[PDB]
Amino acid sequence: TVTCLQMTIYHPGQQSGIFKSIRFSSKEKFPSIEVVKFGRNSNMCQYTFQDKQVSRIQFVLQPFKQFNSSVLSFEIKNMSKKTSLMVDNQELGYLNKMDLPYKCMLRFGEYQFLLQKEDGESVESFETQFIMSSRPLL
């Protein structure tokens, strides 16, 4: 099995088309070499948001392995200078990083990201899946 990071995302103005370029429901597979970027720039970020309130690159997610663990984990790093990044009740400034648990909440601007990791056997590949939440998450 491939480890998939399910991301349930919400924004108060999500119907405006800020997720116009995001492909939901389906799974997309990445190699373990990849650093997945989120932001406003389509040339830099794999996942783009049609929103001027989001930095050119908002933050990045990359897979890693905890010591003597045979499965993937994910580390996050804030790439935004003006906007902070809330990993539950821990605030991340510019170029701050943190190892994500199995279940955590992401907040930046007025975006809400529910993050749940479902593990697999693989360590050389991971998948992502986006689900748009109709109601707020908090």
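Numbers for residues come from their place in the sequence shown, where the first is 1.
Taking the PDB entry as given, 66-74 carries the higher mean Cα B factor of the two stretches 66-74 and 104-112.
Comparing 22-30 with 48-56, the higher mean C-alpha B-factor in the PDB entry belongs to 48-56. The entry lists a Cα temperature factor for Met86 that places it in the highest third of the chain's modelled residues.
The PDB entry assigns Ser125 a C-alpha temperature factor belonging to the lowest third of its chain's modelled residues. When the modelled residues of the chain are ordered by C-alpha B-factor, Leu61 sits in the lowest third.
Among all modelled residues in this chain, the alpha-carbon of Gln6 has a temperature factor (C-alpha) in the middle third. Per-chain ranking of the deposited C-alpha B factor places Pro12 in the highest third.
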